[PDB]
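Engineer: Each number in our numbering corresponds to the 1-based position in the sequence shown with 191 added. Beta carbons are placed, not taken as given, at the ideal position from N, Cα and C, and that holds for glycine.
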Amino acid sequence: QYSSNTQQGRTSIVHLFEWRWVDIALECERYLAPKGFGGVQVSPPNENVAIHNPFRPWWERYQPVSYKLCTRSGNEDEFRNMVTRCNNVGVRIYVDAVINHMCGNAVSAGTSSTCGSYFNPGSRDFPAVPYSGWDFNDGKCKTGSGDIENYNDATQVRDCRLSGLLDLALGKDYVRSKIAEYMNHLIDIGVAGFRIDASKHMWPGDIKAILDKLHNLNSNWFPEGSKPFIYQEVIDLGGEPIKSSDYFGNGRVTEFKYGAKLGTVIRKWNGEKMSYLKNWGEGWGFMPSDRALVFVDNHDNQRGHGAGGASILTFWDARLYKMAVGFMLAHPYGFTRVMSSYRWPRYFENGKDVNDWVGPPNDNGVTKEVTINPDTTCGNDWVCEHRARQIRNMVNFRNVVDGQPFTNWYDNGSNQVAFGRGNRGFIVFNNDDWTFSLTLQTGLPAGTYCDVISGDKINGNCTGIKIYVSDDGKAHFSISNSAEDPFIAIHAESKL
Ligand SMILES: C[C@H]1O[C@H](O[C@H]2[C@H](O)[C@@H](O)[C@@H](O[C@@H]3C(CO)=C[C@H](N[C@H]4[C@H](O)[C@@H](O)[C@@H](O[C@H]5[C@H](O)[C@@H](O)[C@@H](O)O[C@@H]5CO)O[C@@H]4C)[C@H](O)[C@H]3O)O[C@@H]2CO)[C@H](O)[C@@H](O)[C@@H]1N
Ligand SMILES: [Ca+2]
Ligand SMILES: [Cl-]
Numbered sequence: 192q193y194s195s196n197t198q199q200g201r202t203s204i205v206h207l208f209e210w211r212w213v214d215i216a217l218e219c220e221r222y223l224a225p226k227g228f229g230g231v232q233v234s235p236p237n238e239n240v241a242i243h244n245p246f247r248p249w250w251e252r253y254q255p256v257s258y259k260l261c262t263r264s265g266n267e268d269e270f271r272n273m274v275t276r277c278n279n280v281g282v283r284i285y286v287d288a289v290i291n292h293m294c295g296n297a298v299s300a301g302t303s304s305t306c307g308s309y310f311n312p313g314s315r316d317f318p319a320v321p322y323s324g325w326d327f328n329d330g331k332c333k334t335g336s337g338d339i340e341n342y343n344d345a346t347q348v349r350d351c352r353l354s355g356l357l358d359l360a361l362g363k364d365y366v367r368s369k370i371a372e373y374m375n376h377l378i379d380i381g382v383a384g385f386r387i388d389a390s391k392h393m394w395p396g397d398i399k400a401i402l403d404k405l406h407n408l409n410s411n412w413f414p415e416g417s418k419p420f421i422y423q424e425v426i427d428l429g430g431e432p433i434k435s436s437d438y439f440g441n442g443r444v445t446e447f448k449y450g451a452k453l454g455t456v457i458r459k460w461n462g463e464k465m466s467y468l469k470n471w472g473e474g475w476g477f478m479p480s481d482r483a484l485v486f487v488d489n490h491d492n493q494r495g496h497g498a499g500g501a502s503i504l505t506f507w508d509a510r511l512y513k514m515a516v517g518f519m520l521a522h523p524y525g526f527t528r529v530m531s532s533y534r535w536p537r538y539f540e541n542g543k544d545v546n547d548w549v550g551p552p553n554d555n556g557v558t559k560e561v562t563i564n565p566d567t568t569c570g571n572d573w574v575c576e577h578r579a580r581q582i583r584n585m586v587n588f589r590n591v592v593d594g595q596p597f598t599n600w601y602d603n604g605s606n607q608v609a610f611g612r613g614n615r616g617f618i619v620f621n622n623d624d625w626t627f628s629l630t631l632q633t634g635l636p637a638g639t640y641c642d643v644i645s646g647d648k649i650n651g652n653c654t655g656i657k658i659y660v661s662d663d664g665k666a667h668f669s670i671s672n673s674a675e676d677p678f679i680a681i682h683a684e685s686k687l
């Protein structure tokens, strides 16, 4: 469950949050395959409640009504088409699995669902599964409200309703079997693994029991005996009884400490500075590298949901965000996930974004297609971080340097730092209020390299900055503090 199952020489996943299946399929073929992306995390593909107050929020997708593959992203046919087309170009699909719960207990009964299935939350009736009152934790939960009231109590965290979401009785074989049926449908279609949503809210042993029922990966694309990649969403920032380590038996785990700390460093808040990144990774108290799923922001915390945090960097803070993503993609710690977002009308009132609920770009609830502008950016309010040259070229940097050790670290005791990855790549950052101008040991063979942050290598020349590495591995770097992108990266495949 720890192996990504990506094509050899591909090392990242991109979250195409709320994208439609037909758009992901095209993106696999036209962009992700040729640019060396490993795979795509997709939004939950199962049927959810259609929530009309507020208007079609992104979070309606975290309120299941059934396991039919029928959502605003598309139907089962389009989902199958996408997984096939992506695998056929060597790009994997990872599904956001919403398995802890069904919908909110106060949602009105009827057919307000993305495939029109009937459901009745008040009577615990979900006949399109089917589930009944016997399949939820109402009798098991010991809180007065029936909801989770206290994260200091590990038992209620697992057995009670997260924010009122109907909590499935994952201790029962019947329920485990219905979930496994859903996951095996996805595996057989060709999915390479799963983000297990709300993992903290399930017993590690119930997750195990479900995983035990799963098929091996589809034997047309994956070697015989291949198991789905599992990464579990557990928010563990310390101070609670439940630990990220409790879930290592099942797969990798999201390391939320990573983006919180990195955002603080890059913002130069709380006395932090880039020179302190010398021991980044387990040195900062993070989980083992071979279990961490890392990221700068995710779909929750980029809009203040989840653990939130003021330090989180997002596309809204573009200059600092690209730097943070660049550092993440250069550094060997963890398995890297890149966020790809849409714009929404952020509006702060009393410190909170009152529009943190807004769903994807839409026409009366119908998700907009991803349009491609002439300069390869996206239209229709999709941000497409993964198409920014500075981020896309760093995704390739990570591929090029895969397996190479962290070496040749330099820092100025403040915010000018640099490091290499064996003899295959080198990166330099200036986050101080003055120019970074210095000759550094790069560890690279002698030659002329294209900086892949400012430009690209094409037909024997560079479109941006060129770096000249001499016979002894040394090169001069000059980065103004007023640079729009104050970092430079060179690698084996950017050499002229
Ligand atoms: C009925 C209910 O509906 C709406 O809730 C929505 C949330 O507002 C959205 O954020 C979203 O939730 C997703 C989800 C549920 O499927 C789980 C994910 N993330 C969770 C995480 O798993 C939880 O553990 C919890 O995090 C807490 C930490 O565990 C604590 O240590 C501490 O930090 O506090 C946090 C925050 O409480 O919440 C996270 C968001 C997943 O990634 C989410 O996207 O979708 C739900 C369902 O629609 C309404 O907003 C709410 O008002 C209603 N009561
Ligand atoms: Ca639970
Ligand atoms: Cl996540």
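1) Can we count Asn489 as close to ligand 5, meaning its CB is less than 7 Å from some heavy atom?
2) My assumption, with CB atoms under 8 Å, is that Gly230 sits in contact with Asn587. Please give the rounded CB distance.
3) For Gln632, which option in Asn492, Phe668, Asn621, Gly655 has the closest C-alpha, if you only look at C-alpha atoms?
4) When the Cα of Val348 is compared with those of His490, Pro395, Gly384, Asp326, which residue comes out closest?
5) With DSSP as the reference, please indicate the residues paired to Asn272 in a beta bridge.
6) Pull up the CB-CB distance for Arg386 and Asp287, whole angstroms please, since I reckon it's below 8 Å.
7) Out of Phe518, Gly265, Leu223, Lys333, point me to the one whose CA is closest to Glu209's CA.
8) Could you check whether the Cβ of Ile421 sits closer than 7 Å to any heavy atom belonging to ligand 1?
9) CA-CA distance, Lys331 and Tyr512?
10) Give me whichever residues DSSP pairs with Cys351 in a beta bridge.
11) Provide the residue(s) that pair with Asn621 in DSSP beta bridges, ordered along the chain.
12) Return the chain-ordered list of same chain residues with a C-beta closer than 6 Å to the C-beta of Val516, the five sequence neighbours on each side being excluded.
13) What three-state label does DSSP hand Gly230 in the structure shown?
14) DSSP three-state call for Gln423: helix, strand or coil?
15) For my contact list, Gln595 and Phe420 are in at a C-beta cut-off of 8 Å; report their separation, rounded to the angstrom.
16) Is it the case that the CB of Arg349 approaches a heavy atom of ligand 2 more closely than 7 Å?
17) In chain order, what residues of the same chain have a beta carbon less than 6 Å from the beta carbon of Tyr449, not counting five sequence neighbours either side?
18) Taking the continuous alpha helix (DSSP H) assigned at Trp212, which residues delimit it?
19) Near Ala609, what residues of its chain come up, given a Cβ to Cβ distance below 6 Å and the 5 sequence neighbours on each side ignored?
20) Just how far apart, CA to CA, sit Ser645 and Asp676?
21) Say the cut is 7 Å; is the CB of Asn672 nearer than that to a heavy atom of ligand 2?
22) One question on the structure: do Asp388 and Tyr253 come within less than 8 Å of each other, judged by their Cβ atoms?
23) Out of curiosity, what's the CA-to-CA distance linking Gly474 and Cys641?
24) Quick test of the definition: if touching needs 3 or more C-beta pairs under 8 Å, does the stretch 369-386 touch the stretch 337-348?
25) Quick one: does the C-beta of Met293 sit closer than 7 Å to a heavy atom of ligand 2?
26) Under the criterion of a Cβ to heavy atom distance below 7 Å, does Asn441 qualify as lining ligand 2?
27) Would the beta-carbon of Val256 fall within 8 Å of that of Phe310?
28) Check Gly324 in the structure and name its three-state DSSP category.
29) Report yes if the C-beta of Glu209 is less than 7 Å from at least one heavy atom of ligand 3; otherwise report no.
30) Rounded to whole angstroms, how far is the Cβ of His522 from the Cβ of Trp471, which I believe are closer than 8 Å?
31) Helix, strand or coil: which one does DSSP assign to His522?
32) By Cβ distance below 6 Å, which residues in the same chain neighbour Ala483 in space, the five residues on each side in sequence not counted?
33) Can you check which of these residues, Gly307, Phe539, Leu357, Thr305, is closest to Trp325 by C-alpha distance?
34) Pop quiz: residue 745 and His292 are said to be a contact at Cβ under 8 Å. What is the actual Cβ separation, rounded to whole angstroms?
35) Express the C-alpha separation of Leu453 and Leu207 in angstroms, rounding to a whole number.
Structural biologist: In this structure, then:
1) With respect to ligand 5, the structure shown offers nothing to examine, as its ligands consist of ligand 1, ligand 2 and ligand 3.
2) Going by Cβ atoms, the distance from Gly230 to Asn587 rounds to 15 Å, so no, they are not a contact pair.
3) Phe668
4) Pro395
5) Beta-bridge pairing links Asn272 to no other residue.
6) Going by Cβ atoms, the distance from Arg386 to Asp287 rounds to 5 Å, so yes, they are a contact pair.
7) A check of alpha carbon separations from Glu209 across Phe518, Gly265, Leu223, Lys333 identifies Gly265 as the nearest.
8) no
9) 44 Å
10) According to DSSP, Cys351 bridges with nothing at all.
11) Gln607
12) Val487, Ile582
13) strand
14) Looking at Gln423 - three-state DSSP - the assignment turns out to be strand.
15) The Cβ separation is near 23 Å, so there is no contact.
16) yes
17) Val485
18) 212-218
19) Within its own chain, the residues whose Cβ lies closer than 6 Å to the Cβ of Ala609, once the five positions on either side in sequence are excluded, are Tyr601, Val619, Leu631, listed in chain order.
20) 8 Å
21) no
22) yes
23) 32 Å
24) no
25) The closest heavy atom of ligand 2 lies 7 Å or more from the beta carbon of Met293.
26) no
27) yes
28) Taken through DSSP and simplified to helix, strand or coil, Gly324 comes out as helix.
29) no
30) 6 Å
31) coil
32) Only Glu446, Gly525 meet the Cβ criterion.
33) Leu357 is the residue among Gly307, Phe539, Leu357, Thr305 whose C-alpha sits nearest the C-alpha of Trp325.
34) The question about residue 745 has no answer here: the residues shown for the chain are numbered 192 through 687.
35) 22 Å
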